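Peer 1: File follows, input_8.pdb with PDB, C-alpha atoms and all ligand atoms:
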```
MODEL        1
ATOM      1  CA  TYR Q   1      -6.209  -4.237   8.688  1.00  0.00           C
ATOM      2  CA  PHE Q   2      -6.136  -3.864   4.909  1.00  0.00           C
ATOM      3  CA  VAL Q   3      -4.849  -5.331   1.637  1.00  0.00           C
ATOM      4  CA  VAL Q   4      -2.152  -3.737  -0.540  1.00  0.00           C
ATOM      5  CA  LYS Q   5       0.293  -4.779  -3.250  1.00  0.00           C
ATOM      6  CA  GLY Q   6       3.766  -5.973  -2.359  1.00  0.00           C
ATOM      7  CA  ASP Q   7       5.755  -2.951  -3.514  1.00  0.00           C
ATOM      8  CA  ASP Q   8       3.503  -0.803  -1.303  1.00  0.00           C
ATOM      9  CA  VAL Q   9       4.140  -2.840   1.868  1.00  0.00           C
ATOM     10  CA  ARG Q  10       7.283  -0.816   2.570  1.00  0.00           C
ATOM     11  CA  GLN Q  11       5.085   2.303   2.714  1.00  0.00           C
ATOM     12  CA  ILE Q  12       3.317   1.296   5.971  1.00  0.00           C
ATOM     13  CA  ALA Q  13       5.955   2.907   8.178  1.00  0.00           C
ATOM     14  CA  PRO Q  14       6.591   6.355   9.665  1.00  0.00           C
ATOM     15  CA  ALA Q  15       7.956   9.086   7.391  1.00  0.00           C
ATOM     16  CA  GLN Q  16       7.237   7.669   3.938  1.00  0.00           C
ATOM     17  CA  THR Q  17       5.968   9.049   0.633  1.00  0.00           C
ATOM     18  CA  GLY Q  18       3.713   7.660  -2.064  1.00  0.00           C
ATOM     19  CA  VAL Q  19       0.074   7.051  -2.942  1.00  0.00           C
ATOM     20  CA  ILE Q  20      -0.340   4.724   0.059  1.00  0.00           C
ATOM     21  CA  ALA Q  21       1.225   7.268   2.440  1.00  0.00           C
ATOM     22  CA  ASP Q  22      -0.096  10.671   1.269  1.00  0.00           C
ATOM     23  CA  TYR Q  23      -3.657  10.128   0.003  1.00  0.00           C
ATOM     24  CA  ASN Q  24      -4.657   6.744   1.456  1.00  0.00           C
ATOM     25  CA  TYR Q  25      -3.262   5.984   4.954  1.00  0.00           C
ATOM     26  CA  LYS Q  26      -0.669   7.631   7.193  1.00  0.00           C
ATOM     27  CA  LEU Q  27       1.088   6.857  10.469  1.00  0.00           C
ATOM     28  CA  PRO Q  28       2.218   9.388  13.100  1.00  0.00           C
ATOM     29  CA  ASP Q  29       5.888  10.099  13.666  1.00  0.00           C
ATOM     30  CA  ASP Q  30       5.597   8.841  17.270  1.00  0.00           C
ATOM     31  CA  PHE Q  31       4.018   5.475  16.468  1.00  0.00           C
ATOM     32  CA  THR Q  32       4.176   2.724  19.094  1.00  0.00           C
ATOM     33  CA  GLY Q  33       3.127  -0.741  17.970  1.00  0.00           C
ATOM     34  CA  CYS Q  34       3.840  -3.428  15.426  1.00  0.00           C
ATOM     35  CA  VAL Q  35       3.338  -4.116  11.716  1.00  0.00           C
ATOM     36  CA  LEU Q  36       2.626  -7.567  10.280  1.00  0.00           C
ATOM     37  CA  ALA Q  37       2.355  -8.520   6.625  1.00  0.00           C
ATOM     38  CA  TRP Q  38       1.911 -11.786   4.753  1.00  0.00           C
ATOM     39  CA  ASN Q  39       1.185 -12.901   1.200  1.00  0.00           C
ATOM     40  CA  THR Q  40      -2.418 -13.787   0.327  1.00  0.00           C
ATOM     41  CA  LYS Q  41      -2.277 -14.558  -3.393  1.00  0.00           C
ATOM     42  CA  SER Q  42      -4.506 -17.649  -3.362  1.00  0.00           C
ATOM     43  CA  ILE Q  43      -7.458 -16.114  -1.502  1.00  0.00           C
ATOM     44  CA  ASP Q  44      -7.495 -12.579  -2.998  1.00  0.00           C
ATOM     45  CA  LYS Q  45      -8.354 -12.262  -6.704  1.00  0.00           C
ATOM     46  CA  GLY Q  46     -10.462 -10.276  -9.139  1.00  0.00           C
ATOM     47  CA  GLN Q  47     -10.565  -6.510  -9.623  1.00  0.00           C
ATOM     48  CA  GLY Q  48     -12.394  -5.493  -6.462  1.00  0.00           C
ATOM     49  CA  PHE Q  49      -9.726  -3.547  -4.581  1.00  0.00           C
TER      50      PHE Q  49
ATOM     51  CA  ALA H   1      30.090   1.429 -18.981  1.00  0.00           C
ATOM     52  CA  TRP H   2      27.426   3.488 -17.220  1.00  0.00           C
ATOM     53  CA  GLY H   3      25.971   6.793 -18.329  1.00  0.00           C
ATOM     54  CA  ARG H   4      25.589  10.151 -16.633  1.00  0.00           C
ATOM     55  CA  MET H   5      23.441  13.180 -17.356  1.00  0.00           C
ATOM     56  CA  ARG H   6      22.795  16.642 -15.937  1.00  0.00           C
ATOM     57  CA  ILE H   7      19.349  18.155 -15.343  1.00  0.00           C
ATOM     58  CA  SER H   8      18.894  21.920 -15.157  1.00  0.00           C
ATOM     59  CA  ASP H   9      16.385  24.762 -15.560  1.00  0.00           C
ATOM     60  CA  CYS H  10      13.322  22.695 -14.709  1.00  0.00           C
ATOM     61  CA  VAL H  11      10.656  22.134 -12.049  1.00  0.00           C
ATOM     62  CA  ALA H  12      10.340  18.669 -10.521  1.00  0.00           C
ATOM     63  CA  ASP H  13       7.322  17.236  -8.728  1.00  0.00           C
ATOM     64  CA  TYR H  14       7.358  13.522  -7.960  1.00  0.00           C
ATOM     65  CA  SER H  15       3.560  13.173  -7.973  1.00  0.00           C
ATOM     66  CA  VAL H  16       3.750  12.953 -11.778  1.00  0.00           C
ATOM     67  CA  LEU H  17       5.448   9.582 -11.318  1.00  0.00           C
ATOM     68  CA  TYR H  18       2.245   8.294  -9.688  1.00  0.00           C
ATOM     69  CA  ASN H  19       0.116   8.307 -12.879  1.00  0.00           C
ATOM     70  CA  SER H  20       0.792   5.318 -15.265  1.00  0.00           C
ATOM     71  CA  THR H  21       4.407   4.737 -14.168  1.00  0.00           C
ATOM     72  CA  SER H  22       5.437   1.394 -12.699  1.00  0.00           C
ATOM     73  CA  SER H  23       5.952   1.129  -8.954  1.00  0.00           C
ATOM     74  CA  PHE H  24       9.392   1.133  -7.344  1.00  0.00           C
ATOM     75  CA  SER H  25      10.758  -1.873  -5.466  1.00  0.00           C
ATOM     76  CA  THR H  26      13.654   0.090  -3.926  1.00  0.00           C
ATOM     77  CA  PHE H  27      13.471   3.792  -3.003  1.00  0.00           C
ATOM     78  CA  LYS H  28      16.139   4.789  -0.479  1.00  0.00           C
ATOM     79  CA  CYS H  29      17.474   8.244   0.420  1.00  0.00           C
ATOM     80  CA  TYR H  30      20.541   8.969   2.537  1.00  0.00           C
ATOM     81  CA  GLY H  31      21.300  12.673   2.950  1.00  0.00           C
ATOM     82  CA  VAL H  32      17.670  13.838   2.796  1.00  0.00           C
ATOM     83  CA  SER H  33      14.204  12.631   3.757  1.00  0.00           C
ATOM     84  CA  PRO H  34      11.635  11.731   1.074  1.00  0.00           C
ATOM     85  CA  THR H  35       8.941  13.857   2.741  1.00  0.00           C
ATOM     86  CA  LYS H  36      10.918  17.076   2.132  1.00  0.00           C
ATOM     87  CA  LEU H  37      11.816  16.772  -1.570  1.00  0.00           C
ATOM     88  CA  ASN H  38       8.873  18.969  -2.634  1.00  0.00           C
ATOM     89  CA  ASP H  39      10.033  22.003  -0.614  1.00  0.00           C
ATOM     90  CA  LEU H  40      13.715  22.267  -1.601  1.00  0.00           C
ATOM     91  CA  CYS H  41      15.881  23.719  -4.362  1.00  0.00           C
ATOM     92  CA  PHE H  42      19.196  22.147  -5.353  1.00  0.00           C
ATOM     93  CA  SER H  43      22.256  23.871  -6.790  1.00  0.00           C
ATOM     94  CA  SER H  44      23.191  20.854  -8.907  1.00  0.00           C
ATOM     95  CA  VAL H  45      21.730  17.429  -9.696  1.00  0.00           C
ATOM     96  CA  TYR H  46      23.214  14.485 -11.607  1.00  0.00           C
ATOM     97  CA  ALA H  47      21.596  11.250 -12.784  1.00  0.00           C
ATOM     98  CA  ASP H  48      23.318   7.885 -13.211  1.00  0.00           C
TER      99      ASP H  48
HETATM  100  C1  LIG Y   1      -2.213  10.462 -16.600  1.00  0.00           C
HETATM  101  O1  LIG Y   1      -1.820   9.388 -17.436  1.00  0.00           O
HETATM  102  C2  LIG Y   1      -2.534   9.355 -18.663  1.00  0.00           C
HETATM  103  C3  LIG Y   1      -2.082   8.128 -19.443  1.00  0.00           C
HETATM  104  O2  LIG Y   1      -2.816   8.022 -20.667  1.00  0.00           O
HETATM  105  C4  LIG Y   1      -2.262  10.626 -19.440  1.00  0.00           C
HETATM  106  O3  LIG Y   1      -3.023  10.543 -20.643  1.00  0.00           O
HETATM  107  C5  LIG Y   1      -2.433  11.307 -21.707  1.00  0.00           C
HETATM  108  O4  LIG Y   1      -1.190  11.893 -21.327  1.00  0.00           O
HETATM  109  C6  LIG Y   1      -0.597  12.698 -22.339  1.00  0.00           C
HETATM  110  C7  LIG Y   1       0.708  13.256 -21.796  1.00  0.00           C
HETATM  111  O5  LIG Y   1       0.445  13.917 -20.553  1.00  0.00           O
HETATM  112  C8  LIG Y   1      -1.535  13.829 -22.730  1.00  0.00           C
HETATM  113  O6  LIG Y   1      -0.949  14.588 -23.792  1.00  0.00           O
HETATM  114  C9  LIG Y   1      -2.870  13.269 -23.182  1.00  0.00           C
HETATM  115  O7  LIG Y   1      -3.778  14.338 -23.454  1.00  0.00           O
HETATM  116  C10 LIG Y   1      -3.430  12.396 -22.078  1.00  0.00           C
HETATM  117  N1  LIG Y   1      -4.687  11.803 -22.480  1.00  0.00           N
HETATM  118  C11 LIG Y   1      -5.613  11.521 -21.568  1.00  0.00           C
HETATM  119  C12 LIG Y   1      -6.104  10.105 -21.551  1.00  0.00           C
HETATM  120  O8  LIG Y   1      -6.028  12.363 -20.790  1.00  0.00           O
HETATM  121  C13 LIG Y   1      -2.691  11.816 -18.604  1.00  0.00           C
HETATM  122  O9  LIG Y   1      -2.369  13.060 -19.224  1.00  0.00           O
HETATM  123  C14 LIG Y   1      -1.929  11.766 -17.309  1.00  0.00           C
HETATM  124  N2  LIG Y   1      -2.310  12.875 -16.472  1.00  0.00           N
HETATM  125  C15 LIG Y   1      -1.452  13.403 -15.615  1.00  0.00           C
HETATM  126  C16 LIG Y   1      -0.011  13.364 -16.030  1.00  0.00           C
HETATM  127  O10 LIG Y   1      -1.807  13.889 -14.563  1.00  0.00           O
ENDMDL
END
```
Using the file provided, produce a representation of the structure as C-alpha cells.
Ligand SMILES: *[C@@H]1O[C@H](CO)[C@@H](O[C@@H]2O[C@H](CO)[C@@H](O)[C@H](O)[C@H]2NC(C)=O)[C@H](O)[C@H]1NC(C)=O
Peer 2:
Amino acid sequence: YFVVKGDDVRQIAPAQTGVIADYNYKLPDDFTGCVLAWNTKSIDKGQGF
Amino acid sequence: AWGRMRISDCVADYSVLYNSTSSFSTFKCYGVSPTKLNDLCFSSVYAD
C-alpha cells in the first residue's frame, strides 16, 4: 500500500517506465494479483510525501 | 494545420524529462516497448 499522484497511477503495472517504475517500485513480468486505486484528496494534504 | 519536424545527429535519453518537466497523462507506444527505448538506434525519426 502507498500513496502516489494520479498521473503516476498508470505506472503500477508490469513493463512500465518512469520515476515510479525505475527508482521507486517495480513489479515482476509474471505478476499474479490485483491493483486497486482510489482518490484521497480530502484526507491527504501538506508536503509530507 | 499541424507541424512536422525531423531530428538527427543527436543522443536521446528520456531520463532528462524527469527533472522539472511536467508529468504525462498519456504515454502509449505501439511498435516498441517503453522499457527498450534506451538501448536502440533508429534510422529516422519524425515529430508531429
Ligand atoms: C535539473 O533541473 C534544474 C532546474 O533548475 C536544472 O537547473 C539548471 O539547469 C540549467 C540547464 O540544465 C543549468 O544550466 C543550470 O546550471 C542549472 N542550475 C542548477 C539549479 O543546477 C538542472 O541543471 C537540472 N539537472 C539535470 C538536467 O539533471
Peer 1: Which residues would end up in the selection if the PyMOL selection byres (((not hetatm)) within 10 of (chain Y and resi 1)) were applied here, given that I need the answer as an mmCIF file with C-alpha atoms, in the coordinates of the input?
Peer 2:
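Just written: out.cif:
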```cif
data_model
loop_
_atom_site.group_PDB
_atom_site.id
_atom_site.type_symbol
_atom_site.label_atom_id
_atom_site.label_comp_id
_atom_site.auth_asym_id
_atom_site.auth_seq_id
_atom_site.Cartn_x
_atom_site.Cartn_y
_atom_site.Cartn_z
ATOM 1 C CA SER H 15 3.560 13.173 -7.973
ATOM 2 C CA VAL H 16 3.750 12.953 -11.778
ATOM 3 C CA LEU H 17 5.448 9.582 -11.318
ATOM 4 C CA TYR H 18 2.245 8.294 -9.688
ATOM 5 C CA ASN H 19 0.116 8.307 -12.879
ATOM 6 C CA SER H 20 0.792 5.318 -15.265
ATOM 7 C CA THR H 21 4.407 4.737 -14.168
#
```
Peer 1: Using the chain letters and residue numbers of this document, give as a list in words the residues selected by the PyMOL selection byres (((chain Q and resi 14) around 10) and not hetatm).
Peer 2: residues 11, 12, 13, 15, 16, 17, 21, 26, 27, 28, 29, 30 and 31 of chain Q
Peer 1: Enumerate, in order of chain and increasing residue number, the residues of chain Q with an atom no farther than 10 Å from chain H, each with its shortest atom pair and distance in Å to one decimal, counting only C-alpha atoms, as a tab-separated table.
Peer 2:
```
residue	atom	partner	partner_atom	distance
Q:5	CA	H:23	CA	10.0
Q:6	CA	H:25	CA	8.7
Q:7	CA	H:25	CA	5.5
Q:8	CA	H:23	CA	8.3
Q:9	CA	H:25	CA	9.9
Q:10	CA	H:25	CA	8.8
Q:15	CA	H:35	CA	6.7
Q:16	CA	H:35	CA	6.5
Q:17	CA	H:35	CA	6.0
Q:18	CA	H:18	CA	7.8
Q:19	CA	H:18	CA	7.2
Q:22	CA	H:35	CA	9.7
```
Peer 1: To one decimal place, how far is atom CA of residue 45 of chain H from atom CA of residue 12 of chain H in Å?
Peer 2: 11.5 Å
Peer 1: One decimal, Å: what's the distance from atom CA of residue 31 of chain H over to atom CA of residue 5 of chain H, could you say?
Peer 2: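 Atom CA of residue 31 of chain H sits 20.4 Å away from atom CA of residue 5 of chain H.
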Peer 1: Tell me which residues the PyMOL selection byres (((chain Q and resi 42-48) around 12) and not hetatm) grabs here, as number ranges by chain.
Peer 2: Q: 2-5, 38-41, 49
Peer 1: Provide the atom CA of residue 44 of chain H to atom CA of residue 10 of chain H distance in Å, to one decimal place.
Peer 2: 11.6 Å
Peer 1: Tell me which residues come within 12 Å of (10.2, 22.6, -12.2), as a ChimeraX atom specification, counting all atoms listed in the file in the file's coordinates.
Peer 2: /H:7-14,16,38-42
Peer 1: Please write out, as JSON, where the centre of an axis-aligned box around all listed atoms of segment 32-49 of chain Q lies and how long its edges are, in Å to one decimal, after adding 6 Å on each side.
Peer 2:
```
{"center_x": -4.1, "center_y": -7.5, "center_z": 4.7, "size_x": 28.6, "size_y": 32.4, "size_z": 40.7}
```
